[PDB]
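Trainee: The structure follows.
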Amino acid sequence: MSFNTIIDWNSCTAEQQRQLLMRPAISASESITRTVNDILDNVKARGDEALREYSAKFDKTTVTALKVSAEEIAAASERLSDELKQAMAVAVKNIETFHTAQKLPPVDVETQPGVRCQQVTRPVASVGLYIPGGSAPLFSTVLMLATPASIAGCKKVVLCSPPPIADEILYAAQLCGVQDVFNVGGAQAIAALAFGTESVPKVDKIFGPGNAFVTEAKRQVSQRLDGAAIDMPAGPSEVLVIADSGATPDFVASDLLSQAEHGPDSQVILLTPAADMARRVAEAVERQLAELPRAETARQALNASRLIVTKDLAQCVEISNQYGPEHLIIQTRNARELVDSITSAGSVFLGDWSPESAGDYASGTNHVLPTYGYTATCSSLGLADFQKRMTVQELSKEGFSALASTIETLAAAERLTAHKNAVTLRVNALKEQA
Amino acid sequence: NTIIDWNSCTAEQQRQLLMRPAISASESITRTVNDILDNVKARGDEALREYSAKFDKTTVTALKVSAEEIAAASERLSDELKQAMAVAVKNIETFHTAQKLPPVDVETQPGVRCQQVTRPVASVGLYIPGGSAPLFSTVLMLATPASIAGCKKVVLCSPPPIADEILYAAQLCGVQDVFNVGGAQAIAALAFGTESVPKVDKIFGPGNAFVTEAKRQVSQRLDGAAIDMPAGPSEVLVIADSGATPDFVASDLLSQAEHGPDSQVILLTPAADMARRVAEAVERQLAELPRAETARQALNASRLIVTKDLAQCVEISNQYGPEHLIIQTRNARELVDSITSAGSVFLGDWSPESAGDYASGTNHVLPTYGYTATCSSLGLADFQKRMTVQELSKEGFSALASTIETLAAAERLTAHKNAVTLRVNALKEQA
Ligand SMILES: N[C@@H](Cc1c[nH]c[nH+]1)C(=O)O
Ligand SMILES: N[C@@H](Cc1c[nH]c[nH+]1)C(=O)O
Ligand SMILES: [Zn+2]
Ligand SMILES: [Zn+2]
């Protein structure tokens, strides 16, 4: 249906092989940047009045109260089925158990007698969460963001989403303890969280992906001093599946399609030692695609897919590590054995019964992951992103005295007399006193 | 001098007192650093050698410092220094090794195994400013964590000629390659790589305005590389009570001030008497510092503030979020819990900033300019990444299947839902 079939890796030239491992390039659109720039400055200078002006020309019912009332929340709540509410409770319980398990053990050591050094954590005081709106509300992200923030001890957690806000998002927010929910979206919401308005509190860090304007807004506020920090840069979503001859074509295909339906820009890749497996997966994908209700998105994403036949699993791992996929699914006989050799990936799924779908919703891991190659240096969203590491040290007189000569020597070597003098004064004071 | 009586200040005058300087970032340098990167990415080494002629008399030939050139430098250093550095490295190594994250491995539900593991950042490049007196201590601070993290490639760039202290330092911490390159071009070389300098995944280390600007740029490019953290002027804030020693407080403010003319120096104390004595001690000590023009210049921005009580010192400190916080009070340790924002904290009268900058073992590469609000001190974590792993058994998956379908269904993600149904049906037929 307008596309490729399979690629024999070793049949490609060294150059072509390097072109596949590369991801598409993004523009900059001098226009969107300028548009977003004016949006941010406007929101900072004219607050809620400015937000209502945008709400006006962007809606048939200009928003009045920015903060969703507690009454509107309880109403949305009752309208959801018990089935769905219970499903969310299961997801939150497992997400909570996994992230709670990431709490850093205390770091407290005496590098040498009398020289006590510690590392303690402090939560980011206030965080803002953004959730896109629309037809199909991806309320699960609310669970992924608010849960870790709650566990970290963040003092303030607020959320913005394009009005009207779905009952699922509102319920997901209440369930995770989100304190305030605001009727704002796009680059304006990011600006509202980053700068603050009469209604929206200024937060220290903003979490949550969005469209091109949300992404640009997050980039801009992270680069401004009067702005705020952000969770991570965005990029197209990806999935790489490593499958041997023992995998089930339909399982492989269902995972490639799950990722593909996340957007026309999703990158889906299959690495398999078996040409036969590749062919079967390609056909399963075609057959399953034909049953997908609204598969135009999935269809377009598949045009950039790559079903690669390799020499063996070792070459599969070599290729995967060079790529560093956001999601890595290992459907091979010795799945867990390979993990150790996996040097780069956002989140790994092992075996036939670990669908990407299980991780997006209820296994407990976070589905907010690095993509577009950022897997090379950034990590999966976790507890650490809602905290800060602070260092503390205390030297006793004895500890200080034994380290003094070393400090003076080094300070003197760097020609920083005042640093050296700070030690000398203390040393003489100690001789004196006793 | 000039003592500030905090509470006699208008609420506005107050925040204006602690406010940090503004930003220049003059387009002049934004462009200069830009065309510099492009050139390096297109014409690699040929570009680098063209930039050596310009800045500094080196006309660099071989970019990589030879092993023989390093051994010679090592021999020219005194035993006293070499031994000083071993103490530093040993302590730094001990503190960062202690930061290792114990592995996370749990079953959120029976048969649903979730783990968090760590992987090192593949390759990292370290930048060290040159000059007559180089702060070679930064080498120990960056290269030691990189060694502990298990980074496969660790390289360092520094303006030629590179002092012996830097070469020895690099070698002691196991840096693999040292390159005769600096400024905005050294950063571009690490981000894009050249025929001699390898492309790295993350770049660490502070430097002048051009280095700072190049890091920002390469961190904002798909073709570039990630960086450790944004830059800013260094800061020191001392909280001292009636029991503190004027000369000790002054020596810490001056330690920070002697770094650069933009250093922020701040004293908070509930005793006017103490503030006045500290100002006098600063005056006396200043007159004896050789390279003290900049220290005096930094002090033009200093603040000697008198608060009403100790609690108010903690309040102001938390609002500011200083890079270095020194607590010279009689119960320093107990105050720590109430400190919500600071880069590195020093407790008591025997914990001078100098100790932390050199051998206590903590890292002196800290977040500043208010970034302590969300950013952290450099540590092991900045040289690695967390990767999650999950494996659901047949039982675990079956116990979660319904939940996943219900959720996927609500988000209208059909393929996500069908991935579960396919598996549930397969299990039913094998049951
Ligand atoms: N795949 C989405 C997460 C998700 C939500 N629902 C299903 N999946 C992401 O990239 O964040
Ligand atoms: N005080 C410096 C580090 C330093 C290097 N040498 C002496 N001190 C800082 O943390 O910015
Ligand atoms: Zn998904
Ligand atoms: Zn210092």
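Determined via X-ray crystallography, 2.1 Å.
The backbone N, Cα and C atoms fix where each Cβ goes, and this holds for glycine too.
In case it helps, Swiss-Prot gives these features for our protein:
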- A:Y130, A:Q188, A:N211: NAD(+) binding site (BINDING)
- A:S237, A:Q259, A:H262, A:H327, A:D360, A:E414, A:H419: substrate binding site (BINDING)
- A:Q259, A:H262, A:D360, A:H419: Zn(2+) binding site (BINDING)
- A:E326: active site, proton acceptor (ACT_SITE)
- A:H327: active site, proton acceptor (ACT_SITE)
Trainee: Which has the fewest other CB atoms in a 10 Å radius around its CB: A:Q188, A:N211, A:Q259, the listed binding-site residues?
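Mentor: If we count Cβ atoms within 10 Å for the binding-site residues A:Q188, A:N211, A:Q259, the smallest count is at A:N211.
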Trainee: According to DSSP, which kind of secondary structure is A:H419 (substrate binding site) found in, if we only use helix, strand and coil?
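Mentor: Note: A:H419 (substrate binding site) is helical by DSSP.
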Trainee: What binding-site residues in the list A:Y130, A:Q188, A:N211 lie within 10 angstroms of A:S237 (substrate binding site), counting C-alpha atoms?
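Mentor: Near A:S237 (substrate binding site) by Cα: none of them.
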Trainee: Using all protein chains shown, find which of the binding-site residues A:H262, A:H327, A:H419 scores highest when you count other CB atoms within 10 A of its CB.
Mentor: A:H419
Trainee: Neighbour count, 10 Å Cβ-Cβ cut-off, for A:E326 (active site, proton acceptor): what number do you get?
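Mentor: A 10 Å sphere around the Cβ of A:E326 (active site, proton acceptor) contains 27 other Cβ atoms.
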Trainee: Could you check what DSSP calls A:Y130 (NAD(+) binding site) once collapsed to helix, strand or coil?
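Mentor: SS state of A:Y130 (NAD(+) binding site) = strand.
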Trainee: Tell me which residues of the chain lie with their Cβ under 8 angstroms from that of A:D360 (substrate binding site), as long as they are six or more apart in sequence?
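Mentor: Long-range Cβ contacts: A:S140, A:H367.
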Trainee: Filter the binding-site residues A:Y130, A:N211, A:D360, A:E414, A:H419: retain a residue only if its CB is under 8 A from a CB of chain B. Output in sequence order; output 'none' if empty.
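Mentor: So the ones by chain B are A:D360, A:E414, A:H419.
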Trainee: How many whole Å apart are the CA atoms of A:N211 (NAD(+) binding site) and A:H262 (substrate binding site)?
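Mentor: Rounded to a whole number, the Cα-Cα distance is 13 Å.
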Trainee: Among A:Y130, A:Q188, A:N211, A:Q259, A:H327, A:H419, which binding-site residues lie by ligand 1, judged by Cβ under 6 Å to any atom?
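Mentor: Result: none.
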Trainee: Which recorded positions out of A:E326, A:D360, A:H419 lie by ligand 3, going by a Cβ under 6 Å?
Mentor: A:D360
Trainee: Please identify, among the recorded positions A:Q259, A:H262, A:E326, A:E414, A:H419, the one with the smallest Cα-Cα distance to A:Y130 (NAD(+) binding site).
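Mentor: Checked the recorded positions A:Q259, A:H262, A:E326, A:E414, A:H419; minimum Cα distance to A:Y130 (NAD(+) binding site) goes to A:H262.
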